[PDB]
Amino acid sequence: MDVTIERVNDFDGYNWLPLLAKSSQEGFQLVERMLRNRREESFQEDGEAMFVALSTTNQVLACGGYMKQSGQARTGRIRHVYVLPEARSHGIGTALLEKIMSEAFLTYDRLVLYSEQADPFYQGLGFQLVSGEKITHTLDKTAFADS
């Protein structure tokens, strides 16, 4: 499934309702939280970015990004990763994550994330599963580089 991955510079330039609706149906708040909190966590500052995957017809099929992990130094947190159900299993999440990781490791020496649902996906990308309160997966830059 052909997509383009694009940096979000203007949240108001996309129709987010499909992503909001499907994610909410599934019990996920992550798209809602992202869009509601977008004035404070804009993903526009240095060390942060939000991406969308656009279909060949300009429709949003996924989102995901990164920003600074609070309290840690040199650690970034991967945030708000979600692919529309009908768009899953076509390589979109992998393309999105590869872009995020390659860019985020320019700023951070470690990337972390919290995912209860997608361990196989994240392990396939090289993340290590960890038992923390705030994080489920971690990846050091040196491990990323060595791959």
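Quick note: we count residues from 1 along the sequence shown, nothing fancier.
Look at the C-alpha B-factors of 115-123 and of 49-57. On average they run higher in 115-123. Stretches 7-15 and 126-134 differ in mean C-alpha B factor, with the higher average recorded for 126-134. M67: CA B factor lies in the lowest third for its chain, per the PDB record. Among the modelled residues of the chain, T94 sits in the lowest third by CA temperature factor in this PDB entry.
When the modelled residues of the chain are ordered by their C-alpha B factor, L30 lands in the highest third.
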